[PDB]
Every structure is written in C-alpha cells, then in structure tokens.
Number of protein chains: 2
Amino acid sequence: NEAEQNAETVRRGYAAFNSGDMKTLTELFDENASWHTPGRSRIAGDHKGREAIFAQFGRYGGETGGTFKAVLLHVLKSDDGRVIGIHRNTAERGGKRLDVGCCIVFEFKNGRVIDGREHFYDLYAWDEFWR
Amino acid sequence: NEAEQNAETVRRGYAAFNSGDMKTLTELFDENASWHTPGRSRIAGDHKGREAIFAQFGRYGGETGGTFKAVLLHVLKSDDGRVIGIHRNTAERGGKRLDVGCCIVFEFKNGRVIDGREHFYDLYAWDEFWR
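By the method listed in its record, X-ray crystallography, this PDB entry was determined to a resolution of 1.85 Å.

The following block contains the structure:
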C-alpha cells in the first residue's frame, strides 16, 4: 500500500541522513517540501523549499563535526499515508552533548516528502544544545 | 488487527476525555499506566499510575474552567500496535489562550494504554499558558 511505501521512504531517508547520502535524500523530497523546527534557537523555523531543508540538514551535521545522528526507534502510518518517525537525536558540539527524543510528522505528495515537522519532547534541551 | 483495535481505543479516549467521561477513560488505561508531560511548568513530569494520570487530566479541565480540549487531527499506527494521536490543545485560563499542536505516543498492554507521552511542537507556548 501507499502508506507502507511512504514508511519505506522514511526509513530510507533516516539511513541516507545518517550516512550523509544527500543524493538519495534528494530523490525522497519534493523540491517544494518544508521542514519545521520548533523552538527559539538560531536554527528554528519553517525552512521552505528542499534546498532550505538540506541547508538545515547541513547545519545539523556541519555544526557538530558530523556527530549528529537520528537513531530511528519506530515508524508509524496513517491509513492515508502520513508517517511518523520516532527517534533520538544525539550529537556533540563544543563540549555539549545532545540526547533528545523526537517525533517527526511526514506528509507526502506523490510518494515524496512535502512536509516534515519535528516535535521534540524536551525542546529546552534541544535549544540549550544549539545555544 | 491489534494495531487497529488500539487505534480505536485512542479515538474512544480522546472522545471520552473531551466529554469528561472518566468512567470510559478508566476502562482504557492500565491501572499502572504512566503519562509524560514535558516542559518546566507546575504540571510537568512523569505521572505514574492511572490515578496520577487522571489527576493530571483533572487539572487540565479543572484549571481552565473546563475549556481545555484535545482536537484530534490524525491517528497513526505501527504494525506492532503503538499509536500516535496528532491533535491541537485549546483552552483558556485567566485571560490567556492555549493553542498548541501535540503528538502523543501511546503504548499498549493487553489492549489498554500503559504509557502516553506528549510531544508539543511549541513547548514554550504550553509552558507559558500554565505559568
């Protein structure tokens, strides 16, 4: 089904993110996708356009000496093809350590991601790390 | 399937929460369920035990003159019976208004909720409302 194909695409995307494989990661996102990062840090906001998403992703890895990881724990689906990834983000940056849980809500258009929205459990921890 | 029965139970629980039907809401939670509220407000924390959950719920409604609502938007499932509810919470309290998005991760034991974990997008807004 559609919903499981979208789940497969999410799994492929976490793997490609974690390995820095931005060529695969491209295939999986619509060129007009958005990415929504909550909170009050310098990397918060609505990043509109796949190019703006991948700049965000580049800051995630860039600013942590490539230590930033998304450890995927569970993948959930709606019958209509929405997908959530539950994960933990870990990373190091200037003597600080990140370890926070997150649910990303993925919306799809024609099998590609059109929207991703991060929901961190301890948003304060994320913001503290990025301060 | 198990996963869809658990989805049905989540839907029944949002409806029973929104109507104040704590008798139904009881049937749906294990007596040793936990509820996890993130953030730094006076209502944050790990509320362990169904009685502690329902005290939390009682504060949600109690402290907002019964205006607190969870508007359910989407229900997602893992093949293994985990469920997420995506919702918006709205409420009023002493001239402040709540309007925040949330994903709750539900874990099940024998068809009843054993664990619920709130993930607010704008956790600062939630904490501000409860200040």
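Student: Just checking my understanding: could you explain the overall build of chain A for this structure?
Tutor: Secondary structure assignment for chain A yields 4 helices and 6 strands. With the C-alpha coordinates of chain A rotated into their principal frame, the extents come out at 45 × 25 × 25 Å. Across the 131 residues in chain A, those meeting the buried criterion constitute 54%. A sequence separation of at least 24 residues applies to 47% of the contacts in chain A between residues at least 6 apart. Measuring between centres, the 19 positive side-chain charges of chain A sit 4 Å from its 20 negative side-chain charges.

Student: Hey, could you run me through the layout of surface pockets in this one?
Tutor: Over the atoms rolls a probe the size of a water molecule, and its path tells where empty space is left. Taken as a whole, the largest pocket spans an internal volume of roughly 300 Å³. In terms of lining residues, the largest pocket is bounded by 18 residues, among which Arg117(A), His119(A), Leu73(B), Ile86(B) and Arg88(B) are the most central. Sorting the residues of the lining of the largest pocket by element identifies β5 (96-109) and β6 (112-120) of chain A together with β3 (69-77), β4 (83-93) and β5 (96-109) of chain B as the ones contributing at least two each. At 5 residues, β5(B) tops the list of elements feeding residues into the lining of the largest pocket. Per-class residue counts for the lining of the largest pocket are 7 nonpolar, 4 polar and 7 charged. For the second largest pocket, the calculated volume is near 250 Å³. Among the secondary structure elements, those contributing two or more residues to the lining of the second largest pocket are β3 (69-77), β4 (83-93) and β5 of chain A together with β5 and β6 (112-120) of chain B. Here the lining of the second largest pocket gets 4 residues from one element, more than from any other, and that element is β5(A). Here the lining of the second largest pocket is built from residues that sort into 6 nonpolar, 4 polar and 7 charged.

Student: So what exactly am I meant to see when it comes to the side chain of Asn6(B) here?
Tutor: Residue and element names in this part refer to chain B. Relative to the elements of secondary structure, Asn 6 occurs in helix α1 (residues 2-19). A relative accessible area of 3% means that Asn 6 is categorised as buried. Those residues in contact with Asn 6 that lie beyond four places of it in its chain are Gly 81, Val 83, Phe 108 and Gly 111.

Student: Looking at this structure, how should I read the pattern of salt bridges?
Tutor: A side chain of one charge can pair with a side chain of the opposite charge when the charged atoms of the two come close. Following the criterion strictly, the structure yields 26 salt bridges over all chains and no others. A salt bridge links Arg93(A) to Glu63(A); its shortest N-O distance comes to 3.8 Å. Placement of the pair is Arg93(A) in strand β4 and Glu63(A) in the loop between α3 (50-62) and β3, with a sequence separation of 30 residues. A salt bridge links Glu27(B) to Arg12(B); the nearest nitrogen and oxygen atoms lie 3.9 Å apart. In this pair, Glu27(B) sits in helix α2 (residues 22-28) while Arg12(B) sits in helix α1, placing the two residues 15 residues apart along the sequence. We classify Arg12(B) as partly exposed; its relative accessible area is 43%. Through salt bridges with shared partners, one network takes in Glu4(A), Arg11(A), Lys77(A) and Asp79(B).

Student: Please explain the relation of the copies chain B and chain A as it appears in this structure.
Tutor: The two chain copies are connected by a rotation around an axis plus a translation along it. Of the transformation placing chain B onto chain A, the axial shift is 0.0 Å and the rotation is 180 degrees, giving an RMSD of 0.0 Å. On the angle and the small slide along the axis, the relation comes out as a two-fold axis. The residues that chain B uses at the interface reappear at the interface of chain A in 100% of cases, marking a shared surface.

Student: I keep staring at the interface of chain B and chain A and nothing clicks. Help me out?
Tutor: Quoted interface sizes are often the accessible area lost when the parts come together. Each partner contributes to the interface: chain B provides 28 residues, whereas chain A provides 28 residues. Here chain B and chain A share an interface that buries about 2400 Å² over both sides, 64% of which is from carbon and sulfur atoms. Looking at the side of chain B facing chain A, the largest losses of area belong to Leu76(B), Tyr121(B) and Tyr124(B), adding up to 34% of the total buried there. In this structure, the connection of chain B to chain A is made through 2 salt bridges. Here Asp79(A) and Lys77(B) are joined by a salt bridge, their closest N and O atoms 3.1 Å apart. Counting across the chain B and chain A interface gives 7 residue pairs in polar contact.

What counts, and at which threshold
Residues numbered from 1 in each chain as written, not as in the entry; some residues may be left out. Chains lettered and ligands numbered in written order. Heavy atoms only, no water. Helix = DSSP H or I, 4+ residues; strand = E, 2+ residues; numbered from the N terminus. Buried < 20%, exposed > 50% of the residue type's maximum accessible area, 1.4 Å probe, protein only. Contact = heavy atoms within 4.5 Å. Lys, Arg positive; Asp, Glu negative; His and termini not counted. Charge placed at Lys NZ, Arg CZ, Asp CG, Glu CD. 1 Å grid on protein atoms, 1.4 Å probe; cavity = no way out; pocket = protein on both sides within 12 Å on 5 of 7 lines; lining within 4 Å. Points joined across faces, edges and corners; volume = space filled by probe spheres on them. Nonpolar A, V, L, I, M, F, W, Y, C, P; charged D, E, K, R; others polar. Salt bridge = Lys/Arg side-chain N within 4 Å of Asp/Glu carboxyl O. Least-squares fit on C-alpha atoms. Buried area = accessible area lost by both parts, 1.4 Å probe. Polar contact = N/O pair within 3.5 Å; in protein donor to acceptor, adjacent residues only side chain to side chain.

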